[PDB]
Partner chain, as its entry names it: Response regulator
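Encoded as structure tokens, the following chain is the form deposited without its partner chain, with no partner shown.
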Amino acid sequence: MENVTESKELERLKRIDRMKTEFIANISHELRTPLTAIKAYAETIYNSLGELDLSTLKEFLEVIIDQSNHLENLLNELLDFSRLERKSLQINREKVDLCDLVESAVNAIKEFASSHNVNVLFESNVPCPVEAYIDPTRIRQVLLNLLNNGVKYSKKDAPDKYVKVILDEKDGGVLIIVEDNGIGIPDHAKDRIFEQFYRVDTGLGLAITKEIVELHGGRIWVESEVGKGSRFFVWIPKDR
């Protein structure tokens, strides 16, 4: 005989492992380009030491730095991936004005949004600044995933594609809503979209977004209607 739940789990684990394997394989390769550009603009330099003008320096130095910043972002994706695996991701909270955090995020996503003819808005039902004891870097990361998704899953047939961040306070905490009039999400998938790798049909997406919110002691969920759009809710403690 057999245990069907067990078999489904085993099969589920093997398919997830294939995906983790492909993730690790891809990031391994991407880490190569930078480590290449870094070395190049260096072992070459050292060896031609006795024959170099220092012009072949300020521009070149900028290269190692741009490349290094690229390798750093990649190592961070790998480290985020590892930390999410081990549930060891941490947050470092401080007093932050959520209004500024949101405007900045909206700013960073403006180019991509325009690229798809999607307008990004921000509304606060409470006077700014809206101070919260949170990890600014992490919640910016939260928000950006949310915003990027609002653009990516916008509804082609809508003349007014948009993604709007609504800020507010509730139940003693802060409620952030990222609303879009996109394609929406089917009922069977409203919890599953938060699982690593899941897609209704690198980055860590909604899975790290959920972990960041939960680490703050909050909750995230979605309310959506296919063809109409989705509202992702993020409730976090405000006070601390």
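Residues that one form lacks are left out of the comparison. Rigid core: the largest C-alpha set superposing within 1.5 Å between the two forms. Residue numbers count along the first chain shown, from 1.
- Counting the unmodelled positions of the deposited sequence between residue 201 and residue 202 gives a gap of 4 to 9 residues.
- When the C-alpha B-factors of 71-79 and 111-119 are averaged, 111-119 comes out higher.
- For the two regions 29-37 and 204-212, the entry's Cα B-factors average higher over 29-37.
- Each of 177, 174, 65, 189 has a CA temperature factor in the record; the biggest one is found at 65.
- The PDB entry assigns residue 197 a C-alpha temperature factor belonging to the middle third of its chain's modelled residues.
- The deposited CA B-factor of residue 150 belongs to the lowest third of values across its chain.
- When the modelled residues of the chain are ordered by their C-alpha B factor, residue 14 lands in the middle third.
- Residue-level temperature factors show residue 158 in the highest third of its chain, judged at the C-alpha atom.
- In the PDB entry, residue 135 places in the lowest third of its chain by CA B-factor.
Keep in mind the form solved in complex with its partner chain is missing from the figure; the text below concerns it.
- Residue 59 is the only one of 195, 187, 59, 171 with a heavy atom lying within 4.5 Å of its partner chain in the deposited complex.
- Of the heavy atoms in residue 207, none are within 4.5 Å of its partner chain in the deposited complex.
- In the deposited complex, residue 200 stays away from its partner chain, with no heavy atom inside 4.5 Å.
- Looking at residue 37, you'd find a heavy atom of it within 4.5 angstroms of its partner chain in the deposited complex.
- Annotated contact segment (heavy atom within 4.5 Å of its partner chain in the deposited complex): 43-51, selected among 208-216, 173-181, 43-51, 187-195.
- Candidate set 166, 74, 109, 91; criterion, C-alpha shift of 2 Å or more between this form and the one not shown after rigid-core fit; matching residue, 74.
- The Cα position of residue 30 differs by 2 Å or more between this form and the one not shown after fitting on the rigid core.
- Once both forms are fitted on their rigid core, the CA atom of residue 193 lies less than 2 Å apart between this form and the one not shown.
- Residue 11: CA moves 2 Å or more between this form and the one not shown after rigid-core fitting.
- Core superposition between this form and the one not shown reveals the following runs of 3 or more residues with every CA shifted by 2 angstroms or more: 3-75, 156-158, 202-204.
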